[PDB]
Amino acid sequence: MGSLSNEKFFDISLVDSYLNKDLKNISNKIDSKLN
Amino acid sequence: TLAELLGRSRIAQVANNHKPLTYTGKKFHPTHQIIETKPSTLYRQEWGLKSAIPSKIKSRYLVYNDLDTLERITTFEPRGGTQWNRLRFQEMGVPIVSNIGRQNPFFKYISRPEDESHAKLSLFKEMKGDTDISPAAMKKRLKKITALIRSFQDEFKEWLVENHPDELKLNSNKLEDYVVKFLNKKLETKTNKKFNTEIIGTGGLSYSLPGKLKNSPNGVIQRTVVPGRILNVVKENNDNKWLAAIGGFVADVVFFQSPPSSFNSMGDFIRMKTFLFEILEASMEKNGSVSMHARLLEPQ
Amino acid sequence: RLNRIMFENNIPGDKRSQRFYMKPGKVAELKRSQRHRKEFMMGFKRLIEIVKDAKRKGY
Amino acid sequence: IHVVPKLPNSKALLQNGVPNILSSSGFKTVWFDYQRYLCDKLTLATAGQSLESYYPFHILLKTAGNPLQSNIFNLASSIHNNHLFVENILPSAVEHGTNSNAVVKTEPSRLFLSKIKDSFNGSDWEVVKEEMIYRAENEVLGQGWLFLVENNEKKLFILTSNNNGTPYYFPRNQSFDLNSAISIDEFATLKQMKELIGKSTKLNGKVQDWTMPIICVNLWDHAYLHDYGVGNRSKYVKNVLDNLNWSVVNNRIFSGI
Amino acid sequence: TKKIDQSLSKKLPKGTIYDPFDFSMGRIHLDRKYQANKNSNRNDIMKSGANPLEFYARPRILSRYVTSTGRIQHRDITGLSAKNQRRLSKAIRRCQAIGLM
Amino acid sequence: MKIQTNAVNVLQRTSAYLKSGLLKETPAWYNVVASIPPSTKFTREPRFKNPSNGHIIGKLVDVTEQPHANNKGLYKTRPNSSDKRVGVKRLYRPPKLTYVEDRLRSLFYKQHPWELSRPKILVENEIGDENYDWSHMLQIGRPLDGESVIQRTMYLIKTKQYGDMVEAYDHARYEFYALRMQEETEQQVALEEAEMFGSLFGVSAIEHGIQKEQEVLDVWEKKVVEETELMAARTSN
Amino acid sequence: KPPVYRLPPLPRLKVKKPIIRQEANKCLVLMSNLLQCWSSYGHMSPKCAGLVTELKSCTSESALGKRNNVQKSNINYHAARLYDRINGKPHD
Amino acid sequence: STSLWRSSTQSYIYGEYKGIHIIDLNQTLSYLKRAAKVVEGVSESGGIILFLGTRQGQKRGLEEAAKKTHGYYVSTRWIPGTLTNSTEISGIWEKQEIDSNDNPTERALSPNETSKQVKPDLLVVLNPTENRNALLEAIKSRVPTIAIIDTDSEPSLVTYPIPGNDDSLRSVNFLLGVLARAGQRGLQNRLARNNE
RNA sequence: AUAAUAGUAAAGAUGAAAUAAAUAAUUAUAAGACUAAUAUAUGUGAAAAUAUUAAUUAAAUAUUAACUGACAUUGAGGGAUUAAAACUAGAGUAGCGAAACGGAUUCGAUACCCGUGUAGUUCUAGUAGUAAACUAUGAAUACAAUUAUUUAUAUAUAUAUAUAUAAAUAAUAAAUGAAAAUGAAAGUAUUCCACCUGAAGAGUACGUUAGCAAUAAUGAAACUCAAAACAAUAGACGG
Ligand SMILES: [K+]
Ligand SMILES: [K+]
Ligand SMILES: [K+]
Ligand SMILES: [K+]
Ligand SMILES: [K+]
Ligand SMILES: [K+]
Ligand SMILES: [K+]
Ligand SMILES: [Mg+2]
Ligand SMILES: [Mg+2]
Ligand SMILES: [Mg+2]
Ligand SMILES: [Mg+2]
Ligand SMILES: [Mg+2]
Ligand SMILES: [Mg+2]
Ligand SMILES: [Mg+2]
Ligand SMILES: [Mg+2]
Ligand SMILES: [Mg+2]
Ligand SMILES: [Mg+2]
Ligand SMILES: [Mg+2]
Ligand SMILES: [Mg+2]
Ligand SMILES: [Mg+2]
Ligand SMILES: [Mg+2]
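Chains as they are written, first to last, in this note's numbering: chain A, 3 to 37; chain Z, 140 to 439; chain E, 417 to 475; chain F, 567 to 823; chain H, 13 to 113; chain C, 48 to 284; chain S, 49 to 140; chain P, 72 to 267.
The structure is reproduced here in structure tokens:
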């Protein structure tokens, strides 16, 4: 999963995607797809 | 070339084996390939091995580990007795049946994913089937795999947001399901333990198909009667059945109602006498043993 | 049974060895020689087993 | 590998068959095809085992007492029996291929006709042939073999076998068909045979039998159907016994010189 | 007498194959000679890959490698590797100094 | 042991005896040995290829031949310590012969342990006569056994009918099961048919085993009794 | 893994005092049982009748019964015969 | 076994397999042909060929090889000194004179001719590792020798080595048979030239 | 060792002996020294040394990556460390134990054995720099035929073995050697240092330097002799 993981104890992938505009550019992408 | 010929030679055909020739544990199946020499070759100590077998050996069957050793001898035992166990099983004409009603392993059946619904049970069996693995080679299954699985992150970071985006925004109960399937789907192409060393079916003990009746001059045989021996004079402790020695196999004997009085009389010498038994069924366990169930037919 | 415990814990041997003082150099020499004899006996028994096995097979 | 033996005057046999018994097609079935069929199956059964280095006659004796080697015994017995039949019905045992010999008049010897009278209460050879034809029709319902055998007492007698029954070893003669009903006299013979086999002390449970065949007739469908047809096997046995090669049959009787 | 000592009779397990020799005295003697504690490895923590020095506060596990009087067993008896024997002995000596063993 | 000189120079030492006159008559072997000189080099010879798998011996992969990054993600820019050690010994050590078929053979007998109980004859007849067509498993001249499966698997992978060795192996295994089942039935039926026509057998396999077990169990009875009487007396002490 | 210990070259391979098993005399054990039978059930008790009869037969001709009263070990003969073959010594 | 390797045989080894060294049969064939030609030459020249083999079971092969080459054999024990101390060991035994057809001339031999050493012209040794004495005597006596050289055997001790398994009676009898027939052909070619 | 407790009449020692409310048992207290098994000094350390536990500080391994670019080897003089004994000063002193005084043994016994036991053995701060300080074998580099056994790293998989490459040890080929033997050196070569030139006199004398001292280092000659020494062989002899 990496950034898109459900684990309470996540890895640095999540923190990297945050600072790299990936967890945000994917949340908007998913929401835009839902639209 | 000489190398090509050697690979196909009869000595090459025997698979490498270093298992103890003197084993005192539990024996469930043959461990060494029986070697046989003809009478003419035996007269000349010729067995097709590297060196002549000592003339003291009068048997025509042996089992060996090494063609030669640092002690300048062949490591062999002049015995071939597992063949008589197989041939005695054939004479009892009891087909081996699955107690779980599984498909016949010797037929190419069209199977489906009925049992594949346990993808998370067996995909993790590769890392969890490590009962007897080294403390660090098993630990190499953690970093080596992590990198391989971590190389599919981009593929699963796009497929999951294109095939099941709702789960990524609602719950991971289904996401975990898509993960187990993803790896297996991307692993079926891979070759992890592509060769399975588990025993296939009977292991070669019997190739008889159930169903056939035994015609005899006295009519069709309905119950198979086989001479045997009772080993213990007291039922197996914690078990409601005694043990018998029938045709090179140890079976569990169930008595009609009572135990014959020769038991108490004979005592610990009960094995000195031969009784007649009926072989109810024969099953195969995963350890490679045969579970033979018998019945002490007593003159009545 | 009690005697077996004494001999498996070397109680009688230790008591006798503590009656008189031995110089460290002599102690080391005796420990080296005893180990050699123990290992030598193990090598001897291994060779006798090979002989018996070889005899049984007709060599 | 067991190979089909080469027969004398094989070119004639593949063109004109065996005169007065079988045609060219009939002989190709009984020998060139069936003997190939048997030898190949024997090779597949015995290759890789000690039996591969033994001739079929020795194989049947070695395996006669082993219940689970009956398949090998059957193949060895049939192969030996078939070449015993093809040998005494053959125009000439000597190879007159380059001598173009067309005069082979072989007649029963005096030792054979003397043992026939002694063993059959003065019956003539012609009468014994009728008994042989009768025995085949009433004792061999299906496949089998008809033999004229000699025992250790110098007496010639008639033995019939069902399927592949050896004449040499009485425990495997297969002369009684137990699929049908048997009389108390036949059961007595079987019971007495079982007792003899139980008196042997050998760990292989084998007995001594010195019976030897003198004449062999193949009663299998591979030998007569194509030329005679279902139901005409008695006409086939009559022709075989009337056109036997007596140079071979006479040599099978021990003289002692 | 209808009784025999257990040392004079062999009990053939269930599901195993046997030869006629398995009923002889030679089998009895042969089984005694080749009777080694080879099943210990699967039950021997110190032969599994764990570091014996992590058990210095668990006297119960350490007490499996000392005699009745507390004498550390020689490597010939424990069957451990040189490193594990070295580490195990250190663990036991440390355990003794802490007041647990 | 030192390389001997006097065994291969018998002709030259003999010629000195004849030229001087110490030996009057030429030996019968003298002319024969002169025409067929002995080999007298006794040298160690290098080898540059494993004959079994064709692996090249004595080849060093230079850093120029490894331009791409490794499994660790690093480029190789200099020779490593192993590359800088002379490897002359590998040229002279007899190569270890290996075969893919050996791996399948070990698998087959691990999957079918009882195939080991079928006796195998290691004595060869004539390797040069084997004319086998491995399009089919059965062959005239050899038994049906594990080797039949392995050779069939190799033919399938050699003809490229199957790509993966596992798939070819499984295909061969089923052909082996079919042939094994036809033979198990031919033997059972042959025994049944013979008994139905009056065939009699002295001792069966089951009976043979019972008799052998009795012989052993009788000696065991005596010893047990003897050793259960020495114990009783010795324990009385 | 079990440590193999290899000996240096030796002038001989010999057992100083080979252990030979010596079976017990059947008459002595018969006497040892009869003596015990008398210790429990009493001397001349009818319970020891069979013991007395057996002892008399065992000792009738020789008080220790006829026995194979000889046994020697051959380990040293074989050890000396096979040592050079099995010692694993390097070639000369 | 590779553990028993005598590294002086390195050039004869094809490889190792199943814990043993595999001898290169291409070299065995070339060495065998050369050795066979030597036996044929000596036989055709009328020389004395002795076949020495002291391993159990070799007698039958050794006796027939001697018979078909009109040679000699020793299967029981090589007496140390048979060649170097021949007068103390073999002087008492009887000699005979023969013609070019190998038929006894029947001429009585002077005591001078019956005490002279009768040295073999060629020595064939089946098991050289157990016959060092004979090989060294052959060297001292300038007698060419042929022997089967296994991977643990010293090649330089013999004039014409034949690399090959010396432990199997089949391998030994196969190599001995080839050498014996080569001798037979030499003998037949010598008897034929006398006729014509 | 001291005290208590009950309990007693011998205890202790030796080849046998004799010299100096106990001994034994159960408690309590004090003191000094030592470190059972594991254990192979395996390993570690330059050597000397180093094995009850923990902690702090310092040093030490393999592979890979990058970097420096011959910066190396050896090493006169010099420097540092260096067992046991010994000495200086101050503490300590259970046990052991030169000496001394006694008891025995013996023809005698300045001994071996026993008792009482001082210096010493322990710690702190120093002096001194000697041992069969030994592998009686200086250090470095290149190289040469095998096996076995461990260890380490790596590789593979049909997962627990298998395959590799080093190190250690054992037995060897070759080679070397007076041989015993050495065996990766006591082999094949190269480089640097130390040292030797018949025995005895002598590691002495004298001088010098250093030390609180004992001593340590350096280190001769005359006279006399045709000896003297090593390995191995066959004997003889051995409480
Ligand atoms: K050390
Ligand atoms: K530069
Ligand atoms: K410098
Ligand atoms: K200096
Ligand atoms: K003190
Ligand atoms: K030393
Ligand atoms: K130096
Ligand atoms: Mg050999
Ligand atoms: Mg006290
Ligand atoms: Mg300690
Ligand atoms: Mg060390
Ligand atoms: Mg320096
Ligand atoms: Mg002081
Ligand atoms: Mg004193
Ligand atoms: Mg100082
Ligand atoms: Mg001094
Ligand atoms: Mg000095
Ligand atoms: Mg020292
Ligand atoms: Mg340095
Ligand atoms: Mg001085
Ligand atoms: Mg000396």
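A virtual CB, placed ideally from N, CA and C, is assigned to each residue, including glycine.
So, helix, strand or coil for P:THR200, using DSSP?
Here residue 200 of chain P is taken as the residue at index 129 of the eighth sequence, counted from 1. In the structure shown, P:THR200 sits in a helix (DSSP, three-state: H, G or I).
What first and last residue would you give for the alpha helix (DSSP H) that runs through H:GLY38?
Here residue 38 of chain H corresponds to residue number 26 of the fifth sequence, with the count starting at 1. That run of the alpha helix (DSSP H) goes 37-45.
Run down chain Z in chain order and give the residues with a C-beta less than 8 Å from the C-beta of C:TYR139.
Locating residue 139 of chain C in the sixth sequence gives position 92, counting from the first residue. What C:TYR139 touches in chain Z: nothing, since even the nearest Cβ is about 18 Å away.
The stretch 80-99 of chain P: which residues have C-beta closer than 8 Å to a C-beta of chain Z, in chain order?
Going along the stretch 80-99 of chain P in chain order, one finds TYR85, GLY86, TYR88, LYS89, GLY90, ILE91, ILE93, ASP95, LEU96, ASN97 with a Cβ nearer than 8 Å to chain Z.
Counting beta carbon pairs with one atom in the stretch 142-156 of chain C and one in the stretch 97-115 of chain C, are three or more of them shorter than 8 Å?
yes
Just the chain P side, please: which residues come within less than 9 Å of C:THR61 by C-beta, in chain order?
To locate residue 61 of chain C, count along the sixth sequence from 1; it is residue 14. Within chain P, the residues near C:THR61 are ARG213.
Does the beta carbon of C:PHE89 sit closer than 8 Å to a beta carbon anywhere in chain P?
Here residue 89 of chain C corresponds to residue number 42 of the sixth sequence, with the count starting at 1. Closer than 8 Å to some Cβ of chain P, the Cβ of C:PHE89 qualifies, so yes.
What does the alpha-carbon distance come out to for the pair Z:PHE291 and Z:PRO274?
For the purposes of this step, residue 291 of chain Z is taken as residue 152 along the second sequence, with counting starting at 1. For the purposes of this step, residue 274 of chain Z is taken as residue 135 along the second sequence, with counting starting at 1. Approximately 27 Å between the Cα atoms of the pair.
Between H:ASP43 and chain C, is there a C-beta pair that is closer than 8 Å?
Here the question's residue 43 of chain H lines up with position 31 in the fifth sequence. By this cut-off, H:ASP43 is not an interface position.
Can you name the start and end residues of the alpha helix (DSSP H) that F:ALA578 belongs to?
One-based indexing of the fourth sequence puts residue 578 of chain F at position 12. Taken as a continuous stretch (DSSP letters only), the alpha helix (DSSP H) holding F:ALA578 covers 576-582.
Quick check: what's the CA-CA separation for Z:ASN323 versus Z:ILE288?
What you label residue 323 of chain Z is simply residue 184 of the second sequence in a count that begins at 1. What you label residue 288 of chain Z is simply residue 149 of the second sequence in a count that begins at 1. Distance between the alpha carbons of Z:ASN323 and Z:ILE288: 11 Å.
Let me make sure I understand the geometry here. Which of C:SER86, C:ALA54, C:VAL79, C:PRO84 has the alpha-carbon closest to that of P:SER114?
Along the eighth sequence, read from residue 1 onward, the residue named residue 114 of chain P stands at position 43. Answer by Cα proximity: C:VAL79.
Is any heavy atom in ligand 8 found nearer than 7 Å to the beta carbon of S:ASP140?
Here residue 140 of chain S refers to the residue found at position 92 of the seventh sequence. Result no, Cβ not under 7 Å from ligand 8.
Buried or exposed, going by whether 16 or more other CB atoms sit within 10 Å of the CB of C:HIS115?
The count along the sixth sequence starts at 1 and reaches residue 115 of chain C at position 68. That one is exposed.
Using the beta-carbon of each residue, which ones in chain P are nearer than 9 Å to S:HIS126?
Sequence index remark: in the seventh sequence, residue 126 of chain S carries index 78 (1-based). Going along chain P, no residue has its Cβ under 9 Å from S:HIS126, so there is no contact; the nearest lies around 17 Å.
Quick check: the stretch 31-41 of chain H against the stretch 691-711 of chain F, are there 3 or more CB pairs under 8 Å?
no
Can you say whether E:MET457 is buried or exposed, counting buried as having 16 or more other CB atoms within 10 angstroms of its CB?
For the purposes of this step, residue 457 of chain E is taken as residue 41 along the third sequence, with counting starting at 1. E:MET457 should be labelled exposed.
Just verifying my parser: in three-state terms, what is the DSSP assignment at P:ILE220?
As a first step, residue 220 of chain P is located in the eighth sequence; it is residue number 149 there, counting from the start. Of the three classes helix, strand and coil, the one that applies to P:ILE220 here is strand, per DSSP.
Checking contacts by CB at 8 Å: is F:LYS772 closer than that to chain C?
Taking the first residue of the fourth sequence as position 1, residue 772 of chain F is located at position 206. By this cut-off, F:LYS772 is an interface position.
On a Cα-Cα basis, can you pick out the residue from H:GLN97, H:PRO71, H:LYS45, H:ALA48 that is closest to H:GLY111?
Here residue 111 of chain H is taken as the residue at index 99 of the fifth sequence, counted from 1. The residue with the shortest Cα to Cα distance from H:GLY111 is H:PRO71.
Which residues, taken in chain order from the stretch 381-406 of chain Z, show a beta carbon closer than 9 Å to some beta carbon of chain H?
Of all residues in the stretch 381-406 of chain Z, only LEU382, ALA384, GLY387, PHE388, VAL389, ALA390, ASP391, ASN403, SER404, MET405, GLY406 come within less than 9 Å of chain H when Cβ atoms are compared, listed by chain position.
Ignoring anything shorter than 4 residues or poking outside the stretch 247-273 of chain Z, list the alpha helix (DSSP H) runs there in chain order.
Segments of the alpha helix (DSSP H) lying fully in the stretch 247-273 of chain Z: 258-261, 264-267.
Taking a Cβ distance cut-off of 8 Å, strictly less, list which residues of the stretch 603-636 of chain F are near chain Z, in chain order.
So the list reads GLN615, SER616, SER619, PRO633, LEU634, given in the order they occur along the chain.
With DSSP collapsed to three states, give me the class of C:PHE95.
Position 48 of the sixth sequence, counted from the first residue, corresponds to residue 95 of chain C. Correct three-state label for C:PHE95: coil.
Between which residues of its own chain and S:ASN124 is the CB-CB distance below 7 Å, once the five residues before and five after are set aside?
Sequence index remark: in the seventh sequence, residue 124 of chain S carries index 76 (1-based). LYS62, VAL63, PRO66, listed in sequence order.
When we look at the beta-carbon of Z:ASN331 and count the other beta-carbons within 10 Å, is it buried (16 or more) or exposed?
Position 192 of the second sequence, counting from 1, holds the residue named residue 331 of chain Z. Around the C-beta of Z:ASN331, fewer than 16 other C-beta atoms lie within 10 Å, and the residue is accordingly described as exposed.
What are the residues in the stretch 728-748 of chain F lying within 7 Å of chain Z by C-beta distance?
Going along the stretch 728-748 of chain F in chain order, one finds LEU744 with a Cβ nearer than 7 Å to chain Z.
Run through the stretch 56-122 of chain C for me and flag every whole alpha helix (DSSP H) of 4 or more residues, listed as ranges in chain order.
57-67, 75-82
Please report the straight-line C-alpha distance between P:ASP223 and Z:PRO178, rounded to a whole angstrom.
Residue 223 of chain P sits at position 152 when you count from the first residue of the eighth sequence. Residue 178 of chain Z sits at position 39 when you count from the first residue of the second sequence. Rounded to the nearest angstrom, the two C-alpha atoms are 31 Å apart.
By DSSP, does H:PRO32 sit in helix, in strand, or in coil?
The sequence position of residue 32 of chain H within the fifth sequence is 20, counting from 1. Helix.
Could you pull the DSSP bridge partners for Z:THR214 from this structure?
Counting from 1 along the second sequence, the entry for residue 214 of chain Z is found at position 75. BP columns for Z:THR214 point to Z:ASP205.
Closest Cβ-Cβ distance between Z:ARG183 and chain P: below 8 Å?
Here residue 183 of chain Z refers to the residue found at position 44 of the second sequence. It does; some Cβ of chain P falls within 8 Å.
In chain E, which residues lie less than 8 Å from Z:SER194 when you measure between Cβ atoms?
Counting from 1 along the second sequence, the entry for residue 194 of chain Z is found at position 55. What Z:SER194 touches in chain E: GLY474.
Any beta carbon from chain C within less than 8 Å of P:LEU197's own beta carbon?
Position 126 of the eighth sequence, counted from the first residue, corresponds to residue 197 of chain P. False, the Cβ-Cβ gap to chain C never drops below 8 Å.
Just the chain Z side, please: which residues come within less than 8 Å of A:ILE32 by C-beta, in chain order?
Counting from 1 along the first sequence, the entry for residue 32 of chain A is found at position 30. What A:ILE32 touches in chain Z: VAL300, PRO304, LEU307, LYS308.
Taking P:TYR85 as the reference, give the member of P:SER79, P:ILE93, P:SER78 with the closest Cα.
To locate residue 85 of chain P, count along the eighth sequence from 1; it is residue 14. Closest by alpha carbon: P:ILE93.
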